[PDB]
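**Student:** I have a structure I would like to understand better, so I am pasting it below and will then ask my questions one at a time.
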Amino acid sequence: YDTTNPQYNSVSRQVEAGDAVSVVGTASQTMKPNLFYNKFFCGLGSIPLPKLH
Amino acid sequence: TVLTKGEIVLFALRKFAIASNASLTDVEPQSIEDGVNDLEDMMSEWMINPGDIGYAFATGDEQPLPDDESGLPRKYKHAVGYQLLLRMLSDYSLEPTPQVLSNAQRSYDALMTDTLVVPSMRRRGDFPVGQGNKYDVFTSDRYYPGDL
Amino acid sequence: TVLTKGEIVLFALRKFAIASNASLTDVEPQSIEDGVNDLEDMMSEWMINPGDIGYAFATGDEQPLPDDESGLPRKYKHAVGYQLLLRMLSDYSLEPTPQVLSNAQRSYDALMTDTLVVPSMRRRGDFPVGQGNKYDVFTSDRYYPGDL
Amino acid sequence: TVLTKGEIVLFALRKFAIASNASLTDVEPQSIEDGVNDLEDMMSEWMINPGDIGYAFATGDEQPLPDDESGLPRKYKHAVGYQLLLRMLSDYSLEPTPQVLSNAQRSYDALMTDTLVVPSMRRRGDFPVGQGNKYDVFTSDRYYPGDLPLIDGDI
Amino acid sequence: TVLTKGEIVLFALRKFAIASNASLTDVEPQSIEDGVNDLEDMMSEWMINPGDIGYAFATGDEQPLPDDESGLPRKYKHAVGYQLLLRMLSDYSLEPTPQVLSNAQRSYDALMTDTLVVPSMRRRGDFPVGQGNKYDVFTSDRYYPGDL
């Protein structure tokens, strides 16, 4: 939330002090999470290694 | 035997006969604390041009004492003492002599010959690697890494 | 530590034996004020030729005091003191000795060594970029910007 | 706070121990007025060789006073004071020691450093402009101007 | 302000301490008359080599007087005064000091700098004008005039 550069806003209002938040889940639950993403979310690459003499 | 601070100051005072063990007239301790402060400042300055020689600066906020351990090697004693004497003689309205200057220069050269490095120049990074080195096509070994 | 403005003047006065414990002479208050003013003027002047060294000036009505902080690191103390001594000796009509001059110039050389930056030249701006840089997909630069 | 025409004449006459705060003998005020006049004439002749540095001249015909502010920055007072002392040393039949000369030279070099010009000469005026600059569509002219372009002043 | 002729002679005498408040010596009127006459003659001689610099000469077959107006800007005051002092020192059987000579040299150098010419010689007169100048449709001259 930029007031000098409003071009890059990505949220309705600023997160002021004293705002109420919450955490999704349970105290000590464990699970296997499902995943959904886009093609350009994260990238993976393998660096080739050099030969030795 | 550790080379504590103030021993260098005593050596510098002795080598110009300002004060020593055999002197009937001695110098007040204010001069000694001024000398140790001058030594501290001189080492702080030496942290730039000659380099780092393992000097143990006082930590926290307490002032340097004339009895704490300096941590310097024994081999640097004459060099440090002569430099301190050169930077300190003018305090007593005195002028140096040619033999003292020659001794200081020789000791400084002996100290400086230890810190010599002579860096080596690596490859440009665009220099081709000879095909006889048997590089790998896809591992970007055809050229030198250069730096970083 | 803090390295107040009062400490620097006292160091210069102690050197050359104008006011020191060894000389059995105490410092007059007026000489301290003159030294502080000269230090202020010198450090204001040093903002152009040697460069900025982080010295802190007073605000509004200056009235610099010996108990005010200076902001200088402990390394530059000897250089600043020797320069102040050279610029202040004319007050008492005293000709400096060669050893003091050598010490001052050596400390000043170390100080200028510490803050030395060597600019690096850049390409003209109409200089071509070769085909080896792949200016089709890797970069859009047919020529170096080279000006900034 | 600000530089005044009086404290420069006090930096002088004290850098050479002629008079000072701690001195038991002080100089007569007529000498201080003469020093102020000498300073004004010096900064008047400095309008040509070193160029303007920001001096605030006594506008009008009124006589200058040592209590006026000169407007000079605090980083210019040392060179001005040393040059003025070099000028007025001969008034009291004195000679300058070499250290004073060296300090004055260093301060003068420092002052002269801050006012560099480097005119950076321009082109000729009939020098051709290459086809690479696209003088057909991009810029109408096909030769180097040799003068400042404008929008309506048009020389 | 106005810079009357009496200002120059008093300045010249004061700068070598012939008669000044610092020296406690009062000025002799005969010295004033001699200084005024010497200044007038020196300006009349300066009307050739350094060129006119705005002097206001005395007319009407009347001798110059100190209360008259010189007509010069204040910038030339130091140079004129130093030159006049140099030309009057031999009257009192004195010898100039090197600092006075250096100051006079610097002032005269500034004066000479202020009055440069660099005439920037013209063309020859039979030098052709190129055919690109269009010496008939746009110009009436086929050759550079190079005169007057």
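We name chains A, B, ... following the order of the structure tokens; residues begin at 1 in each chain, and ligands are numbered from 1 as shown.
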Need the shell around region 45-49 of chain E: protein/DNA/RNA residues with any atom at most 12 Å away, counting only C-alpha atoms. Skip same-chain ones fewer than 5 positions apart. Format as a PyMOL selection string?

**Tutor:** chain E and resi 38-40+54-57+80+83-84+112+115

**Student:** After a least-squares fit of chain E on chain B across every C-alpha pair in order, what's the RMSD, to one decimal?

**Tutor:**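 Once chain E is fitted onto chain B, the C-alpha RMSD works out to 1.6 Å.
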
**Student:** Find the residues around residue 50 (chain D) up to 10 Å (only C-alpha atoms counted), leave out those fewer than 3 positions away in its own chain, and share them as an NGL selection string.

**Tutor:** (:D and (43 or 45-47 or 53 or 111-112 or 115-116)) or (:E and (110))

**Student:** Put those residues in a file: N, CA and C atoms, as a PDB file, in the first residue's frame.

**Tutor:**
```pdb
ATOM      1  N   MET D  43      39.425  42.121  -2.143  1.00  0.00           N
ATOM      2  CA  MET D  43      38.310  41.396  -2.739  1.00  0.00           C
ATOM      3  C   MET D  43      37.750  42.109  -3.959  1.00  0.00           C
ATOM      4  N   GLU D  45      39.842  43.614  -6.251  1.00  0.00           N
ATOM      5  CA  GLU D  45      40.727  43.190  -7.333  1.00  0.00           C
ATOM      6  C   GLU D  45      40.647  41.693  -7.593  1.00  0.00           C
ATOM      7  N   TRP D  46      40.147  40.908  -6.635  1.00  0.00           N
ATOM      8  CA  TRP D  46      39.938  39.484  -6.879  1.00  0.00           C
ATOM      9  C   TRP D  46      38.757  39.205  -7.792  1.00  0.00           C
ATOM     10  N   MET D  47      38.072  40.239  -8.274  1.00  0.00           N
ATOM     11  CA  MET D  47      36.944  40.050  -9.175  1.00  0.00           C
ATOM     12  C   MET D  47      37.363  39.596 -10.566  1.00  0.00           C
ATOM     13  N   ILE D  53      33.676  34.965  -5.743  1.00  0.00           N
ATOM     14  CA  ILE D  53      33.516  33.886  -4.774  1.00  0.00           C
ATOM     15  C   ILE D  53      32.313  34.079  -3.865  1.00  0.00           C
ATOM     16  N   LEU D 111      41.409  26.785  -2.251  1.00  0.00           N
ATOM     17  CA  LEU D 111      40.370  27.685  -2.746  1.00  0.00           C
ATOM     18  C   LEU D 111      40.260  27.629  -4.264  1.00  0.00           C
ATOM     19  N   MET D 112      41.398  27.644  -4.964  1.00  0.00           N
ATOM     20  CA  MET D 112      41.387  27.616  -6.420  1.00  0.00           C
ATOM     21  C   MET D 112      40.871  26.293  -6.971  1.00  0.00           C
ATOM     22  N   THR D 115      36.862  26.272  -7.681  1.00  0.00           N
ATOM     23  CA  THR D 115      36.297  27.149  -8.701  1.00  0.00           C
ATOM     24  C   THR D 115      36.840  26.821 -10.087  1.00  0.00           C
ATOM     25  N   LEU D 116      36.916  25.535 -10.419  1.00  0.00           N
ATOM     26  CA  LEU D 116      37.378  25.135 -11.738  1.00  0.00           C
ATOM     27  C   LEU D 116      36.312  25.425 -12.792  1.00  0.00           C
TER      28      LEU D 116
ATOM     29  N   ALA E 110      47.686  40.820 -12.302  1.00  0.00           N
ATOM     30  CA  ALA E 110      46.232  40.933 -12.388  1.00  0.00           C
ATOM     31  C   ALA E 110      45.823  42.088 -13.296  1.00  0.00           C
TER      32      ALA E 110
END
```

**Student:** Residues at most 7 Å from region 144-146 of chain B, counting only C-alpha atoms, excluding those fewer than 6 positions away in the same chain, as a PyMOL selection string?

**Tutor:** chain B and resi 122-129

**Student:** May I have the residues of chain E within 8 Å of chain D, counting only C-alpha atoms, written as a PyMOL selection string?

**Tutor:** chain E and resi 1+14-17+21-23+74-78+99-100+103+110+113-114

**Student:** Give me every helix (DSSP H, G or I) residue in chain D, going by DSSP on the backbone, as a PyMOL selection string.

**Tutor:** chain D and resi 5-11+29-45+77-92+98-113+131-133

**Student:** Tell me, in Å to one decimal, how far CA of residue 20 (chain E) is from CA of residue 93 (chain E).

**Tutor:**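 Interatomic distance, CA of residue 20 (chain E) to CA of residue 93 (chain E): 18.3 Å.
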
**Student:** May I have a table of the residues of chain A lying at most 8 Å from chain B, giving each one's closest pair of atoms and their distance in Å to one decimal, counting only C-alpha atoms, ordered by chain and ascending residue number, as JSON lines?

**Tutor:**
```
{"residue": "A:48", "atom": "CA", "partner": "B:139", "partner_atom": "CA", "distance": 5.7}
{"residue": "A:49", "atom": "CA", "partner": "B:139", "partner_atom": "CA", "distance": 6.5}
{"residue": "A:50", "atom": "CA", "partner": "B:139", "partner_atom": "CA", "distance": 6.1}
{"residue": "A:51", "atom": "CA", "partner": "B:136", "partner_atom": "CA", "distance": 7.4}
```

**Student:** Within 6 Å of region 2-11 of chain B, counting only C-alpha atoms, which residues show up once you throw out same-chain ones fewer than 3 positions away? Write them as a ChimeraX atom specification, please.

**Tutor:** /B:14,66-70,81

**Student:** As a PyMOL selection string, please: the residues near residue 87 (chain C) (cut-off 10 Å, only C-alpha atoms, same-chain neighbours under 4 positions excluded).

**Tutor:** (chain C and resi 35+38-39+42+81-83+91) or (chain D and resi 15+99-100+102-104)

**Student:** Could you take the residues named above and write them with C-alpha atoms, as a PDB file, in the first residue's frame?

**Tutor:**
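That gives us part04.pdb:
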```pdb
ATOM      1  CA  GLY C  35      42.789  25.844  19.037  1.00  0.00           C
ATOM      2  CA  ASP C  38      41.188  26.797  14.311  1.00  0.00           C
ATOM      3  CA  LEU C  39      40.212  23.115  14.278  1.00  0.00           C
ATOM      4  CA  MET C  42      40.331  23.702   9.230  1.00  0.00           C
ATOM      5  CA  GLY C  81      46.656  16.774  15.307  1.00  0.00           C
ATOM      6  CA  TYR C  82      49.745  17.257  13.160  1.00  0.00           C
ATOM      7  CA  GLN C  83      47.871  19.391  10.628  1.00  0.00           C
ATOM      8  CA  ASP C  91      50.573  31.916  16.716  1.00  0.00           C
TER       9      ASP C  91
ATOM     10  CA  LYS D  15      48.023  34.337  13.182  1.00  0.00           C
ATOM     11  CA  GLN D  99      55.899  27.811   7.144  1.00  0.00           C
ATOM     12  CA  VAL D 100      53.439  30.700   6.833  1.00  0.00           C
ATOM     13  CA  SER D 102      53.534  27.084   2.764  1.00  0.00           C
ATOM     14  CA  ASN D 103      50.251  27.284   4.681  1.00  0.00           C
ATOM     15  CA  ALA D 104      49.098  30.228   2.562  1.00  0.00           C
TER      16      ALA D 104
END
```

**Student:** Tell me which protein, DNA and RNA residues are within 12 Å of residue 28 (chain C), counting only C-alpha atoms, leaving out same-chain ones fewer than 2 positions away, and put them as a count of residues only.

**Tutor:** 15

**Student:** Please report the interatomic distance between CA of residue 137 (chain D) and CA of residue 130 (chain E) in Å with one decimal.

**Tutor:** 29.0 Å

**Student:** To one decimal in Å, tell me the separation between CA of residue 51 (chain C) and CA of residue 116 (chain C).

**Tutor:**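 That distance, rounded to one decimal, is 10.0 Å.
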